[PDB]
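Just below is one structure, and these are the notes that go with it.
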Number of protein chains: 2
Amino acid sequence: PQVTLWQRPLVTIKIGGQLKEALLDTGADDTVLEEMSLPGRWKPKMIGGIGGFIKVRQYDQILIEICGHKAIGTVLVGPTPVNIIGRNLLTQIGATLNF
Amino acid sequence: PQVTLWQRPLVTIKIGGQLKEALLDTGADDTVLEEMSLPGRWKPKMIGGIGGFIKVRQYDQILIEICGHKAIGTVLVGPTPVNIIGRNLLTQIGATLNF
Ligand SMILES: Nc1cccc(CN2C(=O)N(Cc3cccc(N)c3)[C@H](Cc3ccccc3)[C@H](O)[C@@H](O)[C@H]2Cc2ccccc2)c1
């Protein structure tokens, strides 16, 4: 669908039997989910953000269902304020920005 | 234009008489630009992301051109590594995000 940006673009995701809401984020290279039980199998990783690095864990090959859209990639879970879908997954959903 | 998200969506702004590139970022509600020479007065403000919070200076009523499209709005300037165009300008140049 077409999201305007008057309001944060949120979407519902399903992920490991859990239902969440997450920001569709084009500046984020990586999807970051706040803490969750994902079964695995993860390595650690640190990403940077605005003013600081966080230690996050990398799960790979995780089915996410974002709107009616199944996709699979890496998600990182970690102590984020807000769950964020970045461009590793936005490219699978076929997201576009238009201006 | 339409940009797909296979790489970072970066566009040139002209601001303050200066040319820069900035990220177009749907997930940011404010624009945050690395440290630069902008005139005016400004107020202290603190903003948070991943990692935590930065204090930026806030300037208001600033002319940005982002591709060939002018915008006036609040620009926060401060320590960030990436200059971000966030929803407040993005709304004005009419970006939409579609999938
Ligand atoms: N790799 C990666 C994955 C996930 C998140 C980030 C880090 N980000 C942020 O810190 N943000 C704070 C940010 C950035 C700009 C403006 C504001 N208002 C906030 C928000 C995400 C966010 C966090 C918390 C609350 C709301 C949103 C922004 O929407 C994201 O695009 C990037 C912007 C960015 C900063 C530094 C380096 C690269 C990219 C990076």
Rounded to two decimals, the Debye log10 I(q)/I(0) of chain B (Cα scatterers, no solvent) at q = 0.18, 0.23 Å⁻¹ is -0.82, -1.33
When the Cα centres of segment A:8-45 and segment B:68-95 are compared, how far apart do they sit, in Å?
26
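Using square roots of five times the C-alpha gyration tensor eigenvalues, list the equivalent-ellipsoid semi-axes of the protein assembly as shown in whole Å, biggest first.
Values: eigenvalues 180, 75, 33 Å².
Each semi-axis is √(5λ); the values are 30, 19, 13 Å.
To the nearest 500 deg cm²/dmol, what mean residue ellipticity at 222 nm is calculated for chain B from DSSP H runs of n ≥ 4 alone, each contributing -39,500 (n - 2.57), summed and divided by the residues? The partial results should precede the final answer.
Details: 1 runs with 4 residues, N = 99.
One gets -500 deg cm²/dmol as the mean residue ellipticity at 222 nm.
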Pseudo-spin-label distance B:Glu65 to B:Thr12, built 7 Å along Cα→Cβ, given in nm, is 1.0
Could you give, in nm with one decimal, how far A:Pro81 is from each other copy of that position, shortest first, with labels 7 Å out from Cα toward Cβ?
1.9
For B:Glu65, place a label point 7 Å from Cα along the Cα-to-Cβ direction in every copy; what are the distances to the other copies, in nm, shortest first?
4.9
Rounded to the nearest 0.05, what FRET efficiency is calculated for A:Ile72 and B:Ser37 with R0 set to 41 Å and r the Cβ-Cβ distance?
0.35
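In the protein assembly as shown, what percentage of the DSSP-assigned beta bridges are antiparallel, given to the nearest 5?
On the way: 57 of 67 bridges.
Counting DSSP beta bridges with both partners in the protein assembly as shown, the antiparallel share is about 85 percent.
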Nm distances between the label at B:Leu38 and the same-position labels in the remaining copies, 7 Å along Cα→Cβ, shortest first?
3.6
Whose Cβ in chain B comes nearest the axis that rotates B onto A, and by how many Å?
B:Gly51, 2
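Any read-out appearing in this document is the output of simple, stated calculations on the displayed coordinates, not a laboratory observation. So basically every Cβ, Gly included, is an ideal-geometry build from the backbone, and we count neighbours across all protein chains shown.
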